[PDB]
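Here are the chains, one letter per residue:
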Amino acid sequence: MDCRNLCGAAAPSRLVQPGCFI
Amino acid sequence: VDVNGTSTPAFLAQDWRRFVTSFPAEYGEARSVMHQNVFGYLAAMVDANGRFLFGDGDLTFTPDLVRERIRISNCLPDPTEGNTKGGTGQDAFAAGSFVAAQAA
Amino acid sequence: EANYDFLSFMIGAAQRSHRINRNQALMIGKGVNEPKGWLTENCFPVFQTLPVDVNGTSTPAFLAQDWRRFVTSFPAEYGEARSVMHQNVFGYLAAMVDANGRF
Amino acid sequence: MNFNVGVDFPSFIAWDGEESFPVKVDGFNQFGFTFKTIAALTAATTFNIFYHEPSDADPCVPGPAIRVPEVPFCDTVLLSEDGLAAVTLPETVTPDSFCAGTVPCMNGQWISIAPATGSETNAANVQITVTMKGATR
Amino acid sequence: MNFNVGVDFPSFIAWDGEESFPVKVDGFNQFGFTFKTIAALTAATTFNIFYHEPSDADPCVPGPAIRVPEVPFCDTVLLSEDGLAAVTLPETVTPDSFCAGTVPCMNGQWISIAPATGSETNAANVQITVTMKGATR
Amino acid sequence: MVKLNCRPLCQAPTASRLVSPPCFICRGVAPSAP
């Protein structure tokens, strides 16, 4: 009824940026 | 916009200026609302040269939005879903996603 | 005798060692007998830039756009955030060059 | 500077994937639950709580396994169709995440957990153990 | 009025009498051991202890079982064969009788317990668990 | 308890390289072709 976690596991957060869009 | 023949959707600063200038001026002062993700995706625009379209040469772009008639928010639909959906491959904005608004 | 005072020398190069090891620990302290370094704790939101394909290589890299976004993408509702990195990385940033050749 | 925490809060196996185990809870006065999986689940899983009474043949061995009725709190919106106590592990739990639970009303001297029928497939990958709090003697 | 004690000292299985399992304690700061005997033994049951380190392949998976070193203190005058932390449940221990153990100095990421060579058949009737304490993650 | 102490006679120099951030590249341009 209350649940947890062990490892961070937040490693992949691949931020993307606007390429040369024209 | 097109890329390698594919026509995935996108968003350009030109379109932003077009939208903000398209307001009927005689109505009156109309401010705008948008997410910080959108303003970041905008201030990080790079031309074909490699230059920042804004704040060229100071590693950051920070104009007073009050002068630029922009109020910011953070629980708007945030079209850059989780700040990860810019779009060159599988990161397209998924056309049909709110971007910003403007009103008096 | 031996005029050079060893006592003060050690009294100095004990606090210096203590301080440098304290900083090293609080940065990357590995659990046991080392205060947990926020690097190895690894619960921070970590963003990794996607690589660039130079003549079909998909080589990892890092350009100023990613840095400017990573600085601006900070939620302002938290408040003022400062950035920390190496001076090598700072010189690397100051050494950036466009396709035409300008800094 | 860890303390020996076998002299306080001693844990005991309850469900090692395929075998239930009645643990004595008399000397103790509080007890919870830890659910840990060794693999990923397939569908949601449910586990039925049971309790034992001292069989007349010997006061220090559990008798049969009698059902435990869940007692409702305030502000309740639903009740198990029978009123019987049972817990559920939801789907999408990764096998590096313990999960907590606790019955609010004891009964008997040995608590036990059993895989609810129709959900014993994932039960193998599930392991439930119990810790307690008090000695009282 | 048993508090929900799953959180606030949970715990996991360490040795089910058949196989070992390294239980992450790196996210914790204090911990200890709880043994349990299910049947009468035959002789002193020795158990080797080991600590693990994160595999370079994945920081959330055990590596090998490096040998935890026995550490002495004030009156420790009975060191082992140069010092290798390992415990021994003595004989004359009936069932429904748990024991307590701990390691004074933590090392690595998680711990593991194995039946010492020669105590395996006796270890077949023992169940060992580990219980943590307090941690902030 | 004789404590040793040793120093070298001739020192060798130390060279190194100075690799620098490469050309600006585009990780995807809009007007392109397959």
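This write-up is about the structure you can find in this document. (Residues numbered from 1 in each chain as written, not as in the entry; some residues may be left out. Chains lettered and ligands numbered in written order. Part of a larger assembly, values for the part shown. Heavy atoms only, no water.)

### Topic: a negative patch on the surface
Short version of the rule: Note that patches include only residues with greater than 30% relative accessible area and no salt bridge, and the join distances are 9 Å for like charges and 5 Å for nonpolar side chains (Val, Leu, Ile, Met, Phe, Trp, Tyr). We get accessible surface area from the Shrake-Rupley algorithm with a probe of 1.4 Å; when it comes to residues, only the shown protein chains can shield them. Here a salt bridge means any side-chain nitrogen of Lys or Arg lying within 4 Å of a carboxyl oxygen belonging to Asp or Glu. The positive count covers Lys and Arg only, the negative count covers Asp and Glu only, and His and the chain ends enter neither. Taken as the charge centre is NZ of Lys, CZ of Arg, CG of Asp or CD of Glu, depending on the residue. For the purposes of this entry, the term helix denotes a DSSP run of H or I that reaches at least four residues, the term strand denotes a run of E that reaches at least two, and both are numbered from the N terminus. Burial status follows relative accessibility: with a 1.4 Å probe on protein chains alone, a residue under 20% of its type maximum counts as buried, one over 50% as exposed, and anything between as partly exposed.
On the surface, a cluster of negative charge is made up of D:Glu18, D:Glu19, E:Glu18 and E:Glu19. The topology assignment puts D:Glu18 in the loop between β1 (12-15) and β2 (23-24). On the basis of relative accessibility, which here comes to 49%, the residue D:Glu18 falls in the partly exposed class.

### Some thoughts on the pattern of salt bridges
One pass over the structure, following the stated rule, counts six salt bridges over all chains. The residue B:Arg69 makes a salt bridge to B:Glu29 at a minimum N-O spacing of 2.7 Å. Linking B:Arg69 in the loop between α2 (36-43) and β2 (70-73) with B:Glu29 in the loop between α1 (13-21) and β1 (31-35), this pair joins segments that are 40 residues apart in sequence. In this structure, B:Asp56 engages B:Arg51 in a salt bridge whose closest nitrogen and oxygen atoms are separated by 3.6 Å. Since its relative accessible area comes to 43%, B:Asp56 is described here as partly exposed. For B:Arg51, a relative accessible area of 25% translates into the label partly exposed. One network of salt bridges, in which partners are shared, links B:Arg51, B:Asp56 and C:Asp98.

### A few points about the interface of chain C and chain F
Short version of the rule: Every residue pair with non-hydrogen atoms within 4.5 Å of one another is taken to be in contact. Buried area: the accessible surface (1.4 Å probe) lost by two parts on joining, summed over both. Pairs of N or O atoms within 3.5 Å make up the polar contacts considered here, provided that, within protein, one atom can donate a hydrogen while the other can accept it, and that residues adjacent in sequence are counted only when both atoms are side-chain atoms. Only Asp, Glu, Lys and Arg are considered charged, only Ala, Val, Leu, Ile, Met, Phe, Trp, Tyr, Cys and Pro nonpolar, and every remaining residue, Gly among them, polar.
Each partner contributes to the interface: chain C provides 12 residues, whereas chain F provides seven residues. A per-residue breakdown of the area chain C buries against chain F is headed by C:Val52, C:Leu63 and C:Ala99, which together make up 39% of the total. At the surface where chain C touches chain F, the tally comes to zero salt bridges. Where chain C packs against chain F, one counts two residue pairs in polar contact. Along the lines of polarity and charge, the residues of the side of chain C that touches chain F split into 10 nonpolar, no polar and two charged.

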